[PDB]
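The chain below stands alone and is given in structure tokens; this is the form deposited in one PDB entry.
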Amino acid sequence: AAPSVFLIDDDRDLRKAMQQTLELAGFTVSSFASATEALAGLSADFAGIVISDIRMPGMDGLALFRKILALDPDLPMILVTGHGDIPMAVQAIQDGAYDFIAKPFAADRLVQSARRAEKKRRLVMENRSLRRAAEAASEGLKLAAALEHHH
């Protein structure tokens, strides 16, 4: 499976330039004009990472970040904005954002950061998959189903 990304920015042209950059870097990139749209495809099972702009109509990037945090704190999120400042960046990192990048930005900073974030996301997902695979026995023995009500 190729590394994947959900990319969000209301600036359509920059969105496409960023998608083009990331696919050059090896990612499979789904893009969206808004955070709410992207959320329709996000869940704790998401194999990739989220790269999102901040200032958008409706739900802004910081609000999306909180929703991702609540959905799965192990799902990496990188914020990119032309409207941030020192204090916002510090707070976002402390809140757990994977990276906080200012526009205009070097494509290599974005790429290297996405690359590492996705590798990290993959390690988490492969371990979750192994854990589930190891549960196959109990489920097939019907042990899981019979013990179900004990949770």
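Superpose the two forms; the largest set of C-alphas matching within 1.5 Å is the rigid core. The first residue of the sequence shown is number 1, and the count goes up from there.
Another form exists, deposited in another entry; not displayed. Remarks below refer to it.
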Handout entry: Shift of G41 between this form and the one not shown at or above 2 Å (CA, core fit)
Key = no
Handout entry: Cα displacement of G82 between this form and the one not shown reaching 2 Å, rigid core superposed
Key = yes
Exercise for the section: Note yes or no: does the Cα of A134 move by 2 Å or more between this form and the one not shown after the core is superposed? Expected result: yes
Exercise for the section: Pin down for me whether the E37-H83 Cα distance shrinks or grows in that other deposited form relative to this form (closer or farther, change of 3 Å or more). Expected result: farther
Practice task
Kindly indicate if, in that other deposited form, the C-alpha atoms of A33 and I86 are closer or farther apart than in the structure shown, bearing in mind the change is 3 Å or more.
Solution key: closer
